[PDB]
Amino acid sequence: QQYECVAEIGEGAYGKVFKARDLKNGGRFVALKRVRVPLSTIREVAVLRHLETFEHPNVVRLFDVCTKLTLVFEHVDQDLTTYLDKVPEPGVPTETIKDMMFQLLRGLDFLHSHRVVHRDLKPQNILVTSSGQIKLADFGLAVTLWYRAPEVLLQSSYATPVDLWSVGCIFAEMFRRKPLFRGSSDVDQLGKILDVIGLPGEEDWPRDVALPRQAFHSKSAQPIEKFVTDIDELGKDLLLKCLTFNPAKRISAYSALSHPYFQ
């Protein structure tokens, strides 16, 4: 074969991910994902090959697609989790947090501009290069709810704002070095969220959903500086705009890119 598996990276629905040697390309390490067997998946791979044409700096490269289906991607040694685990005290430098957030928002804006939603953005799929470059991986194909948006938990809407909530969760975790909302179920997750952001107005609660607003009594919203201690005034504002309950009022990746926090 042209690829030689050396280790298992992970397991997905229904497929395994393997670290492989690209024998025809200098034995470079590659991530091989096998997708089992449709037309929707054919379209999904077509979107991924199209996004590759733009070769965005903040998205993992798709080197090859073979025919059930093998997806060959560039290998990145570490994810944001392993970076946050190994970063020395007192934590990630303020300007490293800033740069990585801009790169994440750049890759996110790229995907949203091409009508692609990640839907499972988490430090495990955010890859960090030896040069410190953020690369998005593990998206475009069809459990941890710590980054799941409230409208996904409530089962009402599944648009792009879902990823911006995950970014707000990730932004907070870059300072904390531990997840912001560590729920253990959809109802626990939403409760743990509303303890911090407060119960939203009745007009901001999704209509025709199973869980009503009155199923929670989180009462008032607490200051974020308590849960994220070293955040600046501008960072606090960007973080709040991401962690907005109502997805229509939540900042977009495009307007987050222009926030004064990045000036």
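In this text, the rigid core denotes the largest set of C-alpha atoms whose superposition between the two forms falls within 1.5 Å. Numbering starts at 1 and runs along the sequence shown.
- Averaged as a root mean square over residues and superposed structures in 8 other deposited structures of this protein, CA distances to the shown form are larger in 68-76; the pair compared was 68-76 and 101-109 with a core fit.
- Comparing 244-252 with 18-26 in 8 other deposited structures of this protein, after superposition on the rigid core, the stretch with the greater RMS C-alpha deviation is 18-26.
- Coordinates for residue 222 are present in every one of the other compared entries of this protein that model residues on both sides of it, well short of the third needed to count it as often missing.
- According to the entry, the stretch of the deposited sequence that connects residue 67 to residue 68 contains 4 to 9 residues lacking coordinates, which leaves a gap of moderate length in the model.
- Gap between residue 142 and residue 143: 10 or more deposited residues without coordinates.
- Looking at 70-78 and 90-98 together, the entry lists the larger mean B-factor for 90-98, computed on C-alpha atoms.
- According to the PDB record, 39-47 carries the higher mean C-alpha B-factor of the two stretches 39-47 and 57-65.
- Among the modelled residues of its chain, residue 21 has a C-alpha B-factor that falls in the middle third, as given in the PDB entry.
- Residue-level temperature factors show residue 239 in the middle third of its chain, judged at the C-alpha atom.
- Residue 13 sits in the highest third of its chain by CA B factor, as recorded in the PDB entry.
- Sort the chain's modelled residues by C-alpha temperature factor and residue 195 lands in the middle third, per the entry.
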